[PDB]
Amino acid sequence: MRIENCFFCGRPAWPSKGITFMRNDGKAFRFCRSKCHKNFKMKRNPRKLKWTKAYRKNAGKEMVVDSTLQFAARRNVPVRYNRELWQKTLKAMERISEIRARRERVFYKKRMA
Amino acid sequence: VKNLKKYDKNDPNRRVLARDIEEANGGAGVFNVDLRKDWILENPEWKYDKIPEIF
Amino acid sequence: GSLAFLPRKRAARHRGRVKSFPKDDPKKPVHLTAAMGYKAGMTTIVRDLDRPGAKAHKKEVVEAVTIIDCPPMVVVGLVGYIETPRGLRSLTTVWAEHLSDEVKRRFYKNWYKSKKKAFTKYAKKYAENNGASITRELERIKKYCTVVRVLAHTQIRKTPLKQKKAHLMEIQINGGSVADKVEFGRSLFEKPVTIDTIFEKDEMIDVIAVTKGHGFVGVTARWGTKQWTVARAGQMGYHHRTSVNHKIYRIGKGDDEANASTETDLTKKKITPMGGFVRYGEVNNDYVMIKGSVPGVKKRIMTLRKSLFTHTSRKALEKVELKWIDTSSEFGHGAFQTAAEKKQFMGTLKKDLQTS
Amino acid sequence: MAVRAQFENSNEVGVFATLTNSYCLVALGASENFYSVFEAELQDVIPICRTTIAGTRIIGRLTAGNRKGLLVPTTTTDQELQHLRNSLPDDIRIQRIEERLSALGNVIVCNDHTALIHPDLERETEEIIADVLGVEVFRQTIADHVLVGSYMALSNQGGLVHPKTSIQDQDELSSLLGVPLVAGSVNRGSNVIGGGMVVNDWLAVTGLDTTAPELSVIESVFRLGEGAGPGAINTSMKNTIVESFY
Amino acid sequence: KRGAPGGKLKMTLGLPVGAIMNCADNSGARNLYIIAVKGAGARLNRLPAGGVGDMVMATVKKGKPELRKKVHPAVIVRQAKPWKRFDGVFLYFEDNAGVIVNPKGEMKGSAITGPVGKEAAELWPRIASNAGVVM
Amino acid sequence: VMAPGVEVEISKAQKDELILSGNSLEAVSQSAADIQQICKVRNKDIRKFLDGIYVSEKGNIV
Amino acid sequence: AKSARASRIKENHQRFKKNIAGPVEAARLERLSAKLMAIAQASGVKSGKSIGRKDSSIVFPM
RNA sequence: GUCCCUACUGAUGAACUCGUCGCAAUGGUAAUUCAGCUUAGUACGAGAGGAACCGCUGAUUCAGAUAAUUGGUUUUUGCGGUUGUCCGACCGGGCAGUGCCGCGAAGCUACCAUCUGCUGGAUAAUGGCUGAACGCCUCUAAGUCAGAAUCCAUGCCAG
Ligand SMILES: [Zn+2]
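Following this line, the structure appears as structure tokens:
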């Protein structure tokens, strides 16, 4: 399986949740809700709607430059299975998640200073 | 390939073959194939392991 | 419609009765046939399918599963029946001692104003050396009966329901001589029996319930239109149904604290959706996770029983490898499995600063 | 050697198979007849992987690669990718590419030295192909058909091209590649050579409807079986070709 | 042999009888007019319908005059009405589109403009070979 | 399934032959008829497909 | 199409019941009954051994 | 150029002290067709062509349910935008029998969504075994074996 991201708002798109739009140019449009789908169909800008990660990143409401976000990205080159690698990766994921939480707390404190 | 022996259906000690394996272990709609039997990993015991996907 | 579900009437009882237990032979081991539970809701899963011959073979499929809160049932009695030219006749029943307030509520209709005086003389029959008479009843069951059933009731006070009145039913004991079944029930007296003890995972069962009512509804919805054979207007819904062949996918232990976790999703989470089951609440007990839709509304009493006939399909001999269980909110378009995930995704908030 | 086989009951073996000089990919479905004929022809000389891409059986028309690399579309799932990685040795590099034309087996034909692509592929995909496959990438339309992966099958010994390809274009392709080329058909008059045949340097699998004259053309141009030789078509089999495909 | 595909799973049907769709191949046809579907079950007052991967009969409403001459078979490739794939994914396309095919399952054209339905590609090997984008 | 009291053997005197002996003539004959009826062709040509189990000889053990 | 109540279909179901589901359900029942047993074992007239009397009609009153 | 009784369909009900757990007379009764895989390019065939039993997986129609998901529906008049007028203006609001628009939970729905549909006996045409009538013979006369989606039942609904 895999956790998808909504094209419009960026909330986690889980299996079953949402409608996928296949445009004739060949690119897929995955949405997490009917709200997002209808907004896309009425052709509004997620960069303008304030409840979207696009808007928040554009307006600098979230931290975007940090190793805790450079550590995770889509992988197009597979790695051979290795139990130590996956277990150590899981522990690293826990560490990264709590470090991210603390950094985001500091960021929002600095924004609300 | 040039060190091989050509397959024939009548030779007593031929190759086992997946058709014969599934015919022995059921049929075409009953045999369940092990997709991890040919997995070439570092430690051979790491086969048949449930790889985490979501955390 | 079908002339096989007529006289289209409201169910005479809310509980719903089995109406047929599987036939019994002495060669099998001693076991119980049925169990009880309460519909909590339903959720979405992904199963790694191993259906040799299917296009979804060795692929991940998304399925809908119904969740049944199943607190352990308590054995409080034992009934013995005899065969007669007019059918089965309940020769005699012998109860347990120390009955619960919930089963006594089942016996009473206005429990609050009543003197709660049920089975007191029966407990005196146990205590005051009328155990000779009680043993006589057990021996009558041993030497005259051909089928034995056990009286069992649910635990509402563990179920998250406003109700306080429990539900009694007889679960038939199969697989042994009448003496073995009598000893089994007598030993099961005053003891909780669990759903993982009665059923287990991978097993198809039969579900007995009363399908939801809709009141006086015309022919358009009552039968499906554009003498008893002619479609007429009347009651539609609230109908006793026995739905067959439903696969038991999981039995969660309630105290596991990781009921919804699979070997693929390493998230310590339970079956209850984020925010609780809509109109039901939280499942804090043993729960049964079965494929597909099932008759009955949420919080309705449900009867789970073994299949009458040994199965004829490969869907009943299959293992069910689960990948993940949906725990998002059913109260709307939920996209977070846990409150921790929601907080990590949305960051910290103004009320978070104000409280901290 | 050239063998005739059917996937389930279909003569298009190129849709369901991908044969290279270091691995073979086989679509997974129902029985093991297709995997078994491929194994009997390749008795563990090179690995054979029963794989699915995007939950499809069209792995042959969805994957392109040679003995040095394998490329799969972005729609491939992480599980299928990991299956491929575990099944194949480390000497082969596997990558998912984010190409709009996700029919990789239709848009790419590659031997172990050169690759010929659909003219509308992206530049980044071009360097990705040239890097992973380790080949020289050229853009060309074969018989004005823009899907080279469907309308031509290639090996390091030769290459068989759409039956209605001009002699000038055939000569130009032969010069640009470095191997002999012949205009021929498979599966009794079918033009979809790539979809009806998989070929490596020592093995070809066609459909069961492949006629005897065109199977001999395949064996000859791809040098499969004893002497073979692309030239024998022009010398020993002329009468046969003229009488059969007049 | 009736052009009824085998092994197809349930999907929501989106193109009924008497329905106009686009033509995705270079055969010269622009639109098709579905008049009949293969494998339909005749029940009273129901109009038959077909989903991605179903063979239908259609008349070319506009395009090449050679094609505007006879009722051609066609496999419908793209469906605007959303449907569910067994991986739980509900999806739909921008339009409704099909390609001219013979009763055996072979196309008159040589290329397909636009993406192809996954079910159609799986069901008909020739479409999978003549397809450039498969989702 | 043969009736009780009838013994059936693969005898090594002639090829592709089966001996079905016993004490009750009715049981012996009915078992032979059951085998002959269970092995009968369907939807084929009687004059072209000529295989099955047939009663060749009838008599006494002694 | 063969009906669900066809004799050949019933015979095939009987064979499948007897050769696969039989053993599978037998093992399942053995384990379940083991768990049931675990939870369970977790003068004649004046004693009850002699089953005596506790405490419309079929015959005509005389 | 002449709103009532009853049938049917559902819903209550007096007397048998109230209640809980049951039994089952009788009445109803349900599944249907197609396709794909393997068998198998096999049997068969000069060639062209080309099955079937077991086993497996789907689909049509019918039936009974269900709402995790996905559409639709909005008096949640829930939130936001907006037209005309009004409360002196801001704010906050009334009126336009729900002003108009967008999203919209819950509930309700949808082969526009999903799930489930089960096994014994006796028979008809027919094919047999033993064997008289009739010293041959004969499936029938006495006796008896198999056999149709048929018949009667179980499973199922009512009680
Ligand atoms: Zn979204």
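Residue numbers (my numbering), protein chains in the order written: chain A, 2 to 114; chain B, 3 to 57; chain C, 5 to 360; chain D, 100 to 345; chain E, -13 to 121; chain F, 394 to 455; chain G, 13 to 74.
Backbone N, C-alpha and C fix where the C-beta goes; we use that ideal spot for every residue, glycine too.
Whole angstroms are fine: how far does the CA of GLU410(F) sit from the CA of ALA426(F)?
15 Å
Mind listing the chain C neighbours of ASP73(E)? Cutoff is C-beta to C-beta under 9 Å, in chain order.
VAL50, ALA60, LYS63, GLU64, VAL65, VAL66
Using only the heavy atoms of ligand 1, determine whether one of them is closer than 6 Å to the beta carbon of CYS10(A).
yes
For a contact meaning CB atoms closer than 8 Å, what does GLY39(E) contact in chain A?
Those do not exist, as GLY39(E) stays about 15 Å from chain A at its closest Cβ, beyond 8 Å.
The alpha helix (DSSP H) spanning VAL455(F) covers which residue range?
Careful: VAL455(F) lies outside any alpha helix (DSSP H) and carries neither H nor E.
Using CA atoms only, rank isn't needed, just tell me which of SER274(D), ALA282(D), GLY277(D) is closest to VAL260(D).
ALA282(D)
With a 10 Å radius around its C-beta and 16 neighbouring C-beta atoms as the bar for buried, classify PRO218(D) as buried or exposed.
exposed
Can you tell me the Cα-Cα spacing of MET306(C) and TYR42(C), whole angstroms?
6 Å
Any heavy atom of ligand 1 closer than 6 Å to the Cβ of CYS37(A)?
yes
Out of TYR126(C), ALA127(C), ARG109(C), point me to the one whose CA is closest to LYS120(C)'s CA.
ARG109(C)
Nearest candidate by alpha-carbon position, reference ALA44(E), set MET(-3)(E), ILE98(E), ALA15(E):
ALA15(E)
Going along the chain, which residues of the region 145 to 156 of chain C sit with their C-beta nearer than 7 Å to a C-beta in chain G?
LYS147
For the 8 Å Cβ check, are there 3 or more pairs between the region 55 to 67 of chain C and the region 207 to 224 of chain C?
no
Closer than 6 Å: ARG322(D) CB and nearest ligand 1 heavy atom:
no
Against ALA202(D), what residues of chain E qualify as contacts under a CB-to-CB distance less than 7 Å, listed in chain order?
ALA117, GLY118, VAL119, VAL120
Got a sec: is the Cβ-Cβ distance from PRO16(A) to anything in chain D below 7 Å?
no
Could you tell me the boundaries of the beta strand (DSSP E) in which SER414(F) lies?
412 to 415
CB-CB length for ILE98(E) against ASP11(E), believed under 8 Å:
5 Å
Verify the CB distance criterion: does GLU105(E) have a CB-CB separation below 7 Å to chain D?
no
Buried or exposed: which applies to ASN82(E), given that a residue is buried once 16 or more other Cβ atoms fall within 10 Å of its Cβ?
buried
Length of the line joining the Cα atoms of residue 1(C) and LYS272(C):
Residue coverage of chain C in this structure runs from 5 to 360, which leaves residue 1(C) outside it and unanswerable.
Can a CB atom of chain A be found closer than 7 Å to the CB of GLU25(B)?
no
What residues from the region 325 to 346 of chain C come within 8 Å of chain B, judged by C-beta to C-beta, listed N to C?
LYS327, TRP328
If you measure beta-carbon to beta-carbon, which residues of the region 69 to 102 of chain E are closer than 8 Å to chain A?
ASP73, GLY74, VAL75, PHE76, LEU77, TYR78, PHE79, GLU80, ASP81, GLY100, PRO101
According to DSSP, is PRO13(A) helix, strand or coil?
strand
Find out if the Cβ-Cβ distance for the pair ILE207(D), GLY159(D) is shorter than 7 Å.
no
How big is the Cα-Cα spacing for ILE145(C) and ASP184(C)?
11 Å
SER35(A) (DSSP reduced to helix, strand or coil):
helix
Residues within the region 69 to 81 of chain A neighbouring chain B, beta-carbon criterion of under 8 Å:
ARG81
The region 286 to 297 of chain D contacting the region 323 to 333 of chain D, beta-carbon criterion three pairs below 8 Å
no
List the endpoints of the continuous alpha helix (DSSP H) containing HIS182(D).
177 to 186
Determine the DSSP secondary structure at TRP52(A), reduced to helix, strand or coil.
coil
Inter-residue Cα distance where the pair is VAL61(E) and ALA5(E)
14 Å
Could you name the residues of the same chain whose beta carbon sits closer than 6 Å to that of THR150(C), not counting the 5 residues immediately before and after it, in chain order?
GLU87
Would you be able to state if there are at least three C-beta pairs under 8 Å between the region 155 to 173 of chain D and the region 399 to 410 of chain F?
no
Do the CB positions of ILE72(C) and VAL292(C) come within less than 7 Å of each other?
yes
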